[PDB]
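Only one chain is shown below, in structure tokens, and it's the form deposited in one PDB entry.
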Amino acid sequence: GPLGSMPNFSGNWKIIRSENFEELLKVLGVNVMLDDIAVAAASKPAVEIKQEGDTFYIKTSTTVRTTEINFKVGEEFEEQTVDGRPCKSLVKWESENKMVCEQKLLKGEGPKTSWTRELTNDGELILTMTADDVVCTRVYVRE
């Protein structure tokens, strides 16, 4: 679970709205990173989150594919674009309810990318994914 009064992200989460996902994918092209979309693109599976303070595991499972990512809020980690360019990523708490991941390619030029996850007071989980001026929002509720 979470620290103190901060909300508990642990759960099984069902998507009930999306906007601008295909648009984001087109702007990103080969700059998209699987360590983001491999637990977000597919709408059918539950997104299974396990939170232990700052430590997160995020898992999806279909009969074809199981994927799990992990990170710790506050600890830098590396992810890859689909064409193999490394990115340094860091998640921080932006607010009581919201984490923000900043991302930077290790070398060369690309779009400014980020994502956020927010557990709003109505009980929804909001994922936003950004590439320069394009913002994708996906809204989840508990299964």
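The first residue of the shown sequence is 1; numbering continues from there.
Peer 1: Should the higher mean CA B-factor in the entry be assigned to 105-113 or to 73-81?
Peer 2: Between 73-81 and 105-113, it is 105-113 that shows the higher mean C-alpha B-factor.
Peer 1: Going by the mean C-alpha B-factor recorded in the entry, which is higher: 82-90 or 53-61?
Peer 2: Between 53-61 and 82-90, it is 82-90 that shows the higher mean C-alpha B-factor.
Peer 1: Check the PDB entry and point out which of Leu127, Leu119, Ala131, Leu25 has the largest C-alpha temperature factor.
Peer 2: It is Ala131.
Peer 1: Taking the chain's C-alpha temperature factors as the reference, tell me which third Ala42 falls into: lowest, middle or highest.
Peer 2: Ranked within chain, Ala42 CA B lands in the highest tercile.
Peer 1: Split into thirds by Cα B-factor across the chain's modelled residues, where does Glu96 land: lowest, middle or highest?
Peer 2: Middle third of the chain for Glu96's C-alpha B-factor.
Keep in mind the form deposited with a small molecule bound is missing from the figure; the text below concerns it.
Peer 1: With the small molecule left out of view, choose which of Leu105, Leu90, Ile37, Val27 has a non-hydrogen atom within 4.5 angstroms of it in the deposited bound form.
Peer 2: Of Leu105, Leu90, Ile37, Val27, the residue with a heavy atom within 4.5 Å of the small molecule in the deposited bound form is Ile37.
Peer 1: So, in the deposited bound form, is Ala42 in contact with the small molecule at a 4.5 angstroms heavy atom limit?
Peer 2: Judged by the heavy-atom cut-off of 4.5 Å, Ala42 is in contact with the small molecule in the deposited bound form.
Peer 1: So in the deposited bound form, is the small molecule close enough to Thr60 to count as touching (4.5 Å, heavy atoms)?
Peer 2: The answer is yes: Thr60 has a heavy atom within 4.5 Å of the small molecule.
Peer 1: With a 4.5 Å heavy atom cut-off, would you call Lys112 a contact of the small molecule in the deposited bound form?
Peer 2: No, no contact at 4.5 Å.
Peer 1: Would you please decide whether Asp83 lies within 4.5 angstroms of the small molecule in the deposited bound form, comparing each non-hydrogen atom pair?
Peer 2: Yes, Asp83 lies within 4.5 Å of the small molecule in the deposited bound form.
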